[PDB]
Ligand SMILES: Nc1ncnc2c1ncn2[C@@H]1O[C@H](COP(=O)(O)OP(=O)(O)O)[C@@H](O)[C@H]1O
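To begin, one chain is listed below as C-alpha cells, in the form deposited without the ligand.
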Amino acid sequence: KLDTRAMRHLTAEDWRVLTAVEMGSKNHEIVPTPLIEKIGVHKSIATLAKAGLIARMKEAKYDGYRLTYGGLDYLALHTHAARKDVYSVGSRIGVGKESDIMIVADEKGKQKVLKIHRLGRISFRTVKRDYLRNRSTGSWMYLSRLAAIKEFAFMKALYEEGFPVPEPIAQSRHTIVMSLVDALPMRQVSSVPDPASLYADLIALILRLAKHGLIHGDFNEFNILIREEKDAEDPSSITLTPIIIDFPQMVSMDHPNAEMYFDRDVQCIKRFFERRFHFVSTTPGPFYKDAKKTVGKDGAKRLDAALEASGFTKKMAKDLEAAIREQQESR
C-alpha cells in the first residue's frame, strides 16, 4: 500500500536527491550513483533506500538506483504540498484495480481527493499486490503519468463546459487532486423513487458527451455517482442527479472503434438499470449511427481535442490507448 509515514522525516537534501533519481531515470532506468550527483548526497541515498523510495540494482552489467513506486508517490505528494494543494493526508484510502484513492486536506481544512494511477497493477493469490513484469517499472510510471495527464485535461474540459464531474484542482506525475464530491457510487444505491427520470438523465449525459466528441468507454457503476438533494419545499421529495468520474480511458467519437464503445456504454447502463432496479426503457437505443451526426453540431466544442491541447504526442496517445485496452481486456 502507500505508507506516507516517512514524509515529514525527509530533509531538503533528501527531496533534492530523490528528485535527481527521478530526472536521472528520464534516460536510464537504473541510475548510477555518480549521475545522481551531477543531477555528499550519499547520506540521502541511504535514507531514501531504507524508506523504500529508491532501490539499488546491482544485477551484473548494471549498477545503480531505480526509483520505486513509493518514491514517485512521495515526489507527487511533495509537489502537492509545496503548492499548498495538500497539507495533510487522511487515514481513509481506496485501493482500486487500476488506481488508488486517498482523502487529503488543505491548510484551510478543506477535504479533497488524491487519485493515483496504478496501471500495470496485478495481485497474486496463493495456491497452496505487485505489477505486471512484461514492462519495466519506468514504463508503468510513464503510462500512469499519461493516464493522469489525460484524465485531468478531460476533467478540465468537461468541468468548464458544465458537465457534472469533480472539480479538477491539480495534477503532478501519476496523480490528480480533485474536489471531494458528496455523492455515492450508484452500485451502492438500493433503490430510486423514479428510475425512468434518472435513466433519462444518464442517457442524456452520454448524448451530451457524444455531441462534444466524447465516449467515456467504461461507464460502469463505480463510475456513476448519485447526488441526493432533499428538496426544500418538501423534504419528502428527493431529486437525484448523476456525477461522472474516471476519464483516462475516454476516446473520440472519431475512434475506429467508437461505435462499439458507444453502444457498450449505452447497453451497460440499460443492463445495470435492468438488474438493479428492474427497470427497462421503452425507448430504443440511443444508437451510435444517430449520435455520430450530432458531433459536433450546434457549436458544441470538440472536447476530444483537449489532449493535443496539452502536448500529448500521437505516440503518447497510442501508448496509453494500448495500455488501457489491455487493462480492461484482462479484468
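Note that residue numbering follows the sequence shown and begins at 1. The term rigid core refers to the most C-alpha atoms you can superpose between the two forms while keeping them within 1.5 Å.
Omitted from view is the form solved in complex with the ligand, to which the following refers.
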inquiry  = Partner absent here, but in the deposited bound form, which of 221-229, 130-138, 192-200, 253-261 has residues with a heavy atom within 4.5 Å of the ligand?
reply    = 221-229
query = What is the one choice in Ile93, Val181, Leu205, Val89 with a heavy atom within 4.5 Å of the ligand in the deposited bound form?
reply = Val181
message = Within 4.5 Å, heavy atoms only, which of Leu143, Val113, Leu75, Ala210 is in contact with the ligand in the deposited bound form?
response = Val113
ask   = Does the ligand get within 4.5 angstroms of any non-hydrogen atom of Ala81 in the deposited bound form?
value = no
query = Is there a heavy atom of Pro166 no more than 4.5 Å from a heavy atom of the ligand in the deposited bound form?
reply = yes
key: Interface membership of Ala147, the ligand in the deposited bound form, 4.5 Å heavy atom rule   = no
task = Give a yes/no on whether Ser99 approaches the ligand to within 4.5 Å in the deposited bound form, heavy atoms considered.
result = yes
message = For the stretch 239-272, I need every residue with any heavy atom inside 4.5 Å of the ligand in the deposited bound form, listed N to C.
response = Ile245, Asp246
Core-superposed C-alpha of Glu59 shifting 2 Å or more between this form and the one not shown = yes
